[PDB]
Amino acid sequence: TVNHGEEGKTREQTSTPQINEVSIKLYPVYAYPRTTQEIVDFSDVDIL
Amino acid sequence: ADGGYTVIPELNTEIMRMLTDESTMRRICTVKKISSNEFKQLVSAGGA
């Protein structure tokens, strides 16, 4: 806040600015595809 | 105690695999190394 006051009028304590803290947590977006060894070995696509 | 601990039994480092045998199936039959889940051999019935 910014106060106005006057000539010869005492000055009140203005409220100090506030600070906010955003906690951006990290979280693992994992992929766990259980492919069989059958597909990898049999196919010529190299499915990995 | 009388020099009996000194004598160690010489373990033959080649274990005798009792159930070993040359695979008669793989010898009498043909072996086709392949890269696929299914193997299609074409066997002409005849009729010509």
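Structure data summary
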{"read-out": "Backbone HN-Hα couplings from phi across the range B:14-23 [Karplus 6.51/-1.76/1.60, Hz, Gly and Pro as x]", "value": "9, 5, 7, 7, 4, 8, 6, 7, 5, 5"}
{"read-out": "Cα-centred dipole magnitude for chain B, charges only on beta-carbon of K, R (+1) and D, E (-1), debye, nearest 20", "value": "620 debye"}
{"read-out": "Size of charge dipole - chain A - debye, nearest 20, with Cβ of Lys, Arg +1 and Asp, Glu -1, no other charges", "value": "380 debye"}
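Here, each number is a calculation from the coordinates, and none is a lab measurement. Methodologically, a virtual Cβ is constructed for each residue, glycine included, from the backbone with ideal geometry; neighbour enumeration extends over all protein chains shown.
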